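# Close look at the chain arrangement
Residues per chain, in single letters:
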Amino acid sequence: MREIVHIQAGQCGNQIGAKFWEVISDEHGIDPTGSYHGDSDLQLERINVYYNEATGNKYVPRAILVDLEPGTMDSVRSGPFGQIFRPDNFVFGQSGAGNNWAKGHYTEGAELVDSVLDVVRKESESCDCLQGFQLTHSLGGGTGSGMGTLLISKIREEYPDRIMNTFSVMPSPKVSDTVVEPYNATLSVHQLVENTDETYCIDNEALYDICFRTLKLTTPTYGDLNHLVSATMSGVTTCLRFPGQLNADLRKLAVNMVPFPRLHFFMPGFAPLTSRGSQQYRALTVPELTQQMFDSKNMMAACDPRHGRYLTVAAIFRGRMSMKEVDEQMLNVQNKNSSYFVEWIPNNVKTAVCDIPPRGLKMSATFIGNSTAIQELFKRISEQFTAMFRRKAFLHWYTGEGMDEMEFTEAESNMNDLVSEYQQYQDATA
Amino acid sequence: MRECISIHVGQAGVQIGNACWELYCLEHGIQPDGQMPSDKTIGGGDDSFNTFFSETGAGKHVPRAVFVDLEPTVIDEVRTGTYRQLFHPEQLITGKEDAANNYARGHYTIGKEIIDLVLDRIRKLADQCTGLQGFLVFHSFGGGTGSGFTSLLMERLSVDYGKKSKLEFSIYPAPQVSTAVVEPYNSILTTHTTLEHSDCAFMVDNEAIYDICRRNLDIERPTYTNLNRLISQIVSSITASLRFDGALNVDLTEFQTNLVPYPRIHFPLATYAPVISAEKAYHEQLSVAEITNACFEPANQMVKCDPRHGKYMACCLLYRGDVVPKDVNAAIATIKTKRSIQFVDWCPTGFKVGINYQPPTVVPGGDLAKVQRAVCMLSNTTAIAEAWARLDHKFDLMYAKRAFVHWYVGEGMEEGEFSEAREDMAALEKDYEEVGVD
Amino acid sequence: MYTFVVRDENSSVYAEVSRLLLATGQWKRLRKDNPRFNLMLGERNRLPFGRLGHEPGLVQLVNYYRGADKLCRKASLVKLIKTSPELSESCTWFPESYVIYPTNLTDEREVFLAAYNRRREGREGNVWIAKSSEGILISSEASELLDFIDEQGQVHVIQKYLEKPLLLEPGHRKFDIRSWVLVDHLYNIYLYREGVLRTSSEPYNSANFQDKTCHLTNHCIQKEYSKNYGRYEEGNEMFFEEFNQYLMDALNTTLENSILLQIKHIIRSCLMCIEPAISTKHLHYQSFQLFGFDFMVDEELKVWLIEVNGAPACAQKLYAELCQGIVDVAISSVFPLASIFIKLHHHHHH
Amino acid sequence: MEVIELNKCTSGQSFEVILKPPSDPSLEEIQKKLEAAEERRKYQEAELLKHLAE
Ligand SMILES: CCC1=C[C@@H]2CN(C1)Cc1c([nH]c3ccccc13)[C@@](C(=O)OC)(c1cc3c(cc1OC)N(C)[C@@H]1[C@@](O)(C(=O)OC)[C@H](OC(C)=O)[C@]4(CC)C=CCN5CC[C@]31[C@@H]54)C2
Ligand SMILES: Nc1nc2c(ncn2[C@@H]2O[C@H](COP(=O)(O)OP(=O)(O)OP(=O)(O)O)[C@@H](O)[C@H]2O)c(=O)[nH]1
Ligand SMILES: Nc1nc2c(ncn2[C@@H]2O[C@H](COP(=O)(O)OP(=O)(O)O)[C@@H](O)[C@H]2O)c(=O)[nH]1
Ligand SMILES: [Ca+2]
Ligand SMILES: [Ca+2]
Ligand SMILES: [Ca+2]
Ligand SMILES: [Cl-]
Ligand SMILES: [Mg+2]
Ligand SMILES: [Mg+2]
Ligand SMILES: [Mg+2]
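Per the PDB record, this model was obtained through X-ray crystallography at a reported resolution of 2.5 Å.

Encoded structure:
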């Protein structure tokens, strides 16, 4: 289990997907040309997880760029690293999806999905040992949302024995004002709970709050938000890209993180939270990393950890530090807040340390929590969904593409069931 | 002379195997390229060290070892490491993707695609044996390969080598270094399916080794390297009698004879003294009496447990260094008047003692100091069942909620195997309590 | 913030210890199966000693000593005294006792009678009592209580009933002494300076021996089949201040000289005997335990140990002082926050 | 405390000290269990591939 195939879909999926590739290219010492120019050799040790080696020691990201409209990836070309991608891996249509899940899933996206699967096949065939897929998309629009989940469904049919992982951006009214985004997200969650193994819940609500209140950015942009997303995507994939013991491939992460198949929606956290311009002058201490990464203000999903219980936790420390201290502080958190870690999963927190830090930090920490409190996020989407659906408002945009009402009430039921299953384990005891 | 084959399964079995075989070479004066100047029968021989090493006409001494991992990266550094010319390429068997910490993945799913290959390469070693005694099997309880492939191999080895003995060295899981939440699941699954196929298993609780390295080697955060070199010392003390001239435990059957009166109760506790830091500037060498007494301190056991509150069924003292019997029996006389040592009624209160004059060989640049005398005690006490109760409690907690169980059902395993395995363990806990408690 | 779990909700003493720890603002009670505890106040039966001391990052303490039942169950005690060289059969403070199994299911029954008829050979006082680990019977013939044991289905002990006890006047009545001893994790032995005399309210009668209330000093049988319960002393409990004054006024001695010396001697002897079997000095977890020693004083002011109880209750006006001493001495010694005991130690040279 | 069966050699000694006298399934069944679980895998997979075909 080595190679991961990466897919980014829609506007958000390509934007955050592009910044991820910029960030981890730097960490591994690959430049826009695709050449290695790095100092350490930890950088190349597992570079084949995400990159294909090519012509004369050129590295090509094993990345597929999907959108139903072109300006998305004309903009990725224009980007810092735009020329590093394999040009035949740019798959795009002309019509857009009009923030319409149905157009992404059933009509416009159906027209384009087969040619995406051809690039997927050509990339999957060339893999010594494919471990599975990661998709970046938002859940509030049409392409990454509806065509993203159409893709996931078709990849699973063709590769049923491989891991499916998503980075899924949750919509929030603090950031966007399109009314139908709760419809699109609810239909999307329905797919995700059935066809992904692990989903990182990247809440725009939590991203907004972090940027607005904590970093005091009073006019937040998507660049401010995506700065927190690439730091998080970097942190959570550290264990896949560098040598190490814990959660070092997608499946072992899934076995450690997912006690029940449907409860595979993770709450990510990061410390220290930093602005794009900001160039902080003091490294954090290990006790500081530790308390910040668990602090509710550092979560990438707008959920209160103290309102639920942690089923499983993965923690990743990066930089040069005492492994003894990291151990001591991690043990401190559990023993000082033992109530918040379910007792019927012994030792459910696992800790990894990697010595290569992120660009611009000496010390950083990434949190991945499987907490029952993520139900608050699904509850928020669910309330916005039913406020419109009980009057069937704005449904014609969807029935006009062939969808029936029943499909909406089924997605709504599956999501309320998931919230219900989280409550179940929140109330379970030994 | 009768040969022993070592089988190293998974990361833990392989890395510990690297540690032992390195230690074996230093103890026998075998060089990294397999040349052994002191061996004067060239290209052959039947000395005691040929138990573990075969010979080539070129003078190469080759471990009777198979290394097996379902993924390649660990055995790859064996293919490229300091002892690369020691092992034949056909001894090092790798797959492509591992068991993902899943017993069922390594037993049923991936094991099936590699089991016959391993058996064939074990046969090729067996064909080189004029009189094979059996096998020493190194593996973790907690990984998917270490638990799940091992128990499949232990079933087939009983089929193909029905009268050969099989001994395990087993790494019992500890959260300070464990890598997966389901390690209690895998441990019980592999203990249940291996129980009947293992004559005598030496359990090493990673928690116990980890705290010995911390307390006595002054290692802040012990690595596997730290742990494996200490385990290798203990493994070497236990196998010294197969590899050197002596009269105690000279073949694999004597381990069972001397340590295992009851077949299911086949987990001797191992205790080792002394463990001394190499960077400890000034050090006062410990006497026979002092190291023998340390054999009865739980802080020196391979498994934390309290043998005061159980019963003994057999005890073996394995000395290395400047030890003579007179000092052993004085040390033993003093110790029994001071400590709680109660044997089961149907057994004699007594010790089997073995002395080897060469003191322990330390790896140069390791953490262990050279000492003049050392001892490894092998005691079959019922107290070790405490470790079973710990594992079983963790299991019950998780299984009651069926947590992670779908990962195993997903691989073809039935939910009933969980509860068959768990009631085998419940029977085992009750066997121990009948023997060791009134 | 220290953590603790409670697993013995029927314990008066540790109910009060739990309450005191909370009131410190520095102890949080977890729920009984949370493993991440500093302190376990454990159950009486099958305390899971095998699971303590395997939590990284937590010093763990428990309020019972594994193995201490060999002091605290009556058949075990007899076998302990008879077989341990430092206690011995040459032991002046334990009554002649014999462990006897029902015929129904080693045993000393026929070694019992050799001394019994030794007492009959000179027709010495040959009265004995048999008890279990209400539920008792005193006789003068082996046959009645011998069969009494077979009439029940578990091992019993038969021990010399002390025919000439010390009786307090006014009342000509029996009593026993309960002593509360705390053994900490360092195996320091702390005698609680307050003891109690559980007294009889009825005159001792030598002539007829199944008058259970005049012979059985136990608190339960006194406030039942006695009808003078509480006349002489409040709750049939005499305390040391009072009993000391009776000793000075009536006997011209003190409590310390005539009785406590022997009591301290017996407590240390018993507890140092078992120390190598139960000490937790180099263990991965640590233990402390409160014990209740029960003594009888005969007419010549000789003290006898009648038994040791591993889960004692306290006297009601004493609960507050004792359990606070527990927190001070046994708990906060290991878990410092932000005497009422006499330490029992003696190092004679020879 | 008796010392028994003492053996000496140039490498060392061994002996016994006594303080107190006394007071498998076939190649066939195995393969039958690997195939049974394998078909349980393929059934679970077929049901998924059926569901996805719907
Ligand atoms: C991450 C990318 C992004 C962030 C967000 C929206 N966009 C895209 C740019 C953007 C901002 N503004 C605009 C005015 C005209 C054109 C574009 C913009 C904004 C900004 O930088 O502003 C200075 C911003 C916007 C809002 C916002 C906060 C906010 O940044 C503090 N909310 C919570 C809005 C409100 O709905 C609301 O509830 O606030 C009480 C808001 O109504 C009011 C009374 O402000 C208001 C204000 C237009 C009205 C209704 C619905 N939308 C969405 C959220 C909300 C906004 C930043
Ligand atoms: N003492 C010691 N323990 C180890 C070592 N390697 C792994 N372990 C322990 O073994 C358990 C993990 O199992 P592994 O040996 O890594 O697993 P594996 O056999 O490779 O199986 P999979 O990777 O799941 O296919 C954990 O409890 C580890 O702490 C080692 O080198 N020394
Ligand atoms: N965090 C983040 N969210 C985005 C970005 N771009 C769009 N979104 C969000 O994604 C949703 C819109 O979906 P979008 O990706 O634009 O539509 P698509 O092109 O049809 O897939 C809204 O909830 C937006 O707030 C981005 O760059 N970062
Ligand atoms: Ca069209
Ligand atoms: Ca030779
Ligand atoms: Ca067999
Ligand atoms: Cl055979
Ligand atoms: Mg858009
Ligand atoms: Mg086609
Ligand atoms: Mg492995």
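### Quick word on the site of ligand 2
Residue and element names in this part refer to chain B. What surrounds ligand 2 is a group of 25 residues, the closest being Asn-101, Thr-145, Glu-183, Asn-206 and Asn-228. Between ligand 2 and the protein, one listed contact pairs an oxygen atom with a backbone N or O atom of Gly-146 at 2.9 Å. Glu-183 places a side-chain nitrogen or oxygen 2.6 Å from an oxygen atom of ligand 2. Here ligand 2, which alone exposes 640 Å², has 98% of that area covered by the protein. Contributions of two or more residues to the shell around ligand 2 are made by helix 1 (10-28), helix 5 (144-160) and helix 8 (224-243).

### Brief notes about unusual backbone geometry
Where the residue is not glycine, phi is negative for most of them; where a peptide bond is considered, it is trans in most cases. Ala271(A) connects to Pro272(A) through a cis peptide bond whose omega is 0°. With respect to the secondary-structure elements, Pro272(A) resides in the loop between strand 9 (265-271) and helix 11 (286-293). Between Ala273(B) and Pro274(B) the backbone carries a cis peptide bond, its omega angle lying at -10°. Secondary-structure assignment places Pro274(B) in the loop between strand 9 (269-273) and helix 10 (288-293). For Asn236(C), which is not a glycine, the phi torsion comes out positive at approximately 45°. By secondary structure assignment, the location of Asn236(C) is in the loop between helix 7 (219-222) and strand 12 (237-239). Classification of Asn236(C) as buried rests on a relative accessible area of 1%. Positive phi, close to 60°, is recorded for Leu301(C), a residue that is not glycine.

### Brief notes about the packing of helix 7 (residues 206-217) of chain B against helix 8 of chain B
All names here are of chain B. Their axes nearest at 10 Å, the elements helix 7 and helix 8 cross at an angle of 100°. The angle between helix 7 and helix 8 falls in the class roughly perpendicular. Taken together, the residues of helix 8 that come into contact with helix 7 (itself represented by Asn-206, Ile-209, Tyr-210, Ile-212 and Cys-213) are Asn-226, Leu-227, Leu-230 and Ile-231. Classifying every residue of the contact of helix 7 with helix 8 gives seven nonpolar, two polar and no charged.

### Describing the side chain of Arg268(C)
Residues and elements named next belong to chain C. Inspection of the secondary structure assignment puts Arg-268 in helix 9 (residues 255-273). Within the buried set, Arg-268 has no salt-bridge partner at all; the shortest N-O distance to an opposite charge, 8.9 Å, is to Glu-275. Not counting residues up to four positions away in its chain, the partners in contact with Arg-268 are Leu-344, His-345 and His-346.

### Remarks on the sheet that holds strand 2 (residues 27-29) of chain C
By way of backbone hydrogen bonds, the strands of a sheet pair with one another, either parallel or antiparallel. Residues and elements named next belong to chain C. Here five strands make up an open sheet; going across it, the order is 2-1-3-4-13 and the pairing parallel. Of all strands in the sheet, those with a lone pairing partner are strand 2 and strand 13 (286-287), marking the two edges. Pairing of strand 4 (residues 61-62) with strand 13, which is carried by two bridges, proceeds in the parallel orientation. Within strand 13, the residue paired with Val-62 across the bridge is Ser-287.

### Focus: the arrangement of the chains
Once contacts are tallied for each of the five pairs of chains in contact, the highest total is for chains B and D. Nothing in chain C touches chain D, and the closest approach of their C-alpha atoms is 12 Å.

### Side note on the site of ligand 1
Residues and elements named next belong to chain A. Taken together, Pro-173, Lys-174, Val-175, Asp-177, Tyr-208, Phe-212, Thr-218, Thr-219, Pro-220, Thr-221, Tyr-222 and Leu-225 make up the full set of residues near ligand 1. Burial of ligand 1 by the protein chains amounts to 41% of its free accessible area of 910 Å². At the level of secondary structure, the elements contributing two or more residues to the shell around ligand 1 comprise helix 8 (204-214) and helix 9 (222-241). For the shell around ligand 1, a count of residues per class yields seven nonpolar, three polar and two charged.

### As for the packing of aromatic side chains
The full count for this structure, using the stated rule, is 67 aromatic pairs over all chains. With centroids separated by 6.3 Å and ring planes inclined at 45°, the aromatic side chains of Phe395(B) and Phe418(B) adopt a geometry described as tilted. Here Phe395(B) is found in helix 12 (residues 385-399), whereas its partner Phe418(B) is found in helix 14 (residues 415-436), with 23 residues between them in sequence. There is no split in this pair, since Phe395(B) and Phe418(B) are both buried. Centroid distance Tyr2(C) to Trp27(C): 5.0 Å. Interplanar angle 45°. Geometry classified as tilted. With a gap of 25 residues between them, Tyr2(C) in strand 1 (residues 2-6) and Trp27(C) in strand 2 connect regions that are remote in the sequence. An identical accessibility class is assigned to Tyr2(C) and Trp27(C); each is buried. By the ring-pair criterion, three or more aromatic residues cluster together here, those being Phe20(A), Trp21(A), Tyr50(A), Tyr51(A), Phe85(A) and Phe90(A).

### Considering the domain arrangement of chain A
Residues and elements named next belong to chain A. Taken domain by domain, chain A consists of domain 1 (3-268) and domain 2 (269-375). Distance between the C-alpha centres of domain 1 and domain 2: 23 Å. Of the roughly 3200 Å² buried at the junction of domain 1 and domain 2 (both faces included), carbon and sulfur atoms supply 67%. When residues of domain 1 are sorted by the area they lose upon contact with domain 2, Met-257, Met-267 and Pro-268 head the list and together hold 22% of the total. Our enumeration of links across domain 1 and domain 2 arrives at three salt bridges. The residue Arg-318 makes a salt bridge to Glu-27 at a minimum N-O spacing of 3.2 Å. Listing elements by their share of the side of domain 1 that touches domain 2, those giving two or more residues are helix 1 (10-28), strand 8 (198-203), helix 8, helix 9, helix 10 (250-257) and strand 9. At twelve residues, the largest contribution of residues to the side of domain 1 that touches domain 2 is made by helix 9. A breakdown of the residues in the side of domain 1 that touches domain 2 according to their chemical character gives 24 nonpolar, eleven polar and seven charged.

### Quick word on the sheet that holds strand 11 (residues 349-356) of chain B
Strands sit in the order 9(B)-12(B)-10(B)-11(B)-2(D)-1(D) across an open sheet of six strands; the sheet is mixed. The open sheet terminates on both sides in strands that have one partner only, identified here as strand 9 of chain B together with strand 1 (2-8) of chain D. Going from strand to strand, the sheet's axes swing by 15° on average, the running direction of each strand aside. Bridging between strand 1 of chain D and strand 2 (residues 12-20) of chain D involves five bridges; their strand directions are antiparallel. Looking across to strand 2 of chain D, one finds that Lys8(D) is bridged to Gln13(D).

Cut-offs applied
- Per-chain numbering applies: from 1 upward along each written sequence, possibly unlike the entry's numbering, with residues missing coordinates excluded.
- In the order they appear in the text, chains get letters beginning with A and ligands get numbers beginning with 1.
- Bear in mind that the chains are drawn from a larger assembly and that all values refer to what is shown.
- Hydrogens are left out, water is left out, and the side-chain values use all remaining heavy atoms of the structure.
- Residues with missing side-chain atoms are left out of burial classes, side-chain pairs and their counts.
- To be near a molecule or strand, a residue needs just one of its heavy atoms within 4 Å of it.
- We define a polar contact as two N or O atoms separated by no more than 3.5 Å, with the added condition that, inside protein, one atom must be a possible hydrogen donor and the other a possible acceptor, whereas residues neighbouring each other in sequence contribute only through side-chain atom pairs.
- We get accessible surface area from the Shrake-Rupley algorithm with a probe of 1.4 Å; when it comes to residues, only the shown protein chains can shield them.
- For the purposes of this entry, the term helix denotes a DSSP run of H or I that reaches at least four residues, the term strand denotes a run of E that reaches at least two, and both are numbered from the N terminus.
- A 1.4 Å probe rolled over the protein chains alone gives each residue an accessible area, and that area as a share of the maximum for its type sets the label: buried under 20%, exposed over 50%, partly exposed in between.
- Here the axes come from fitting lines to C-alpha atoms, over the contacting stretch only for helices, and the angles between their N-to-C directions go from 0 to 180 degrees.
- Working definition: roughly parallel below 35 degrees, roughly antiparallel above 145 degrees, roughly perpendicular at 65 to 115 degrees, and oblique for all remaining angles.
- By the convention used here, residues are in contact when the closest approach between their heavy atoms is within 4.5 Å.
- The nonpolar class holds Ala, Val, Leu, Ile, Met, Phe, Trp, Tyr, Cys and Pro. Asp, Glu, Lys and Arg form the charged class, and all remaining residues, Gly among them, are polar.
- The charge count includes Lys and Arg as positive and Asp and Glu as negative, but it does not include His or the ends of the chains.
- By definition, a salt bridge exists where a carboxyl oxygen of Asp or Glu is found within 4 Å of a side-chain nitrogen of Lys or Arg.
- Strand pairing is defined by DSSP finding a minimum of two bridges between the two strands.
- Only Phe, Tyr and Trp rings are paired, with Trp represented by its six-membered ring, and only when their centres lie within 6.5 Å; those with planes under 30 degrees apart are stacked, over 60 edge-to-face, the remainder tilted.
- As used throughout, domain bounds are those supplied by an automatic or database domain assignment.
- A quick way to say it: buried area is the sum, across both parts, of accessible area lost when two parts are put together, with a 1.4 Å probe.

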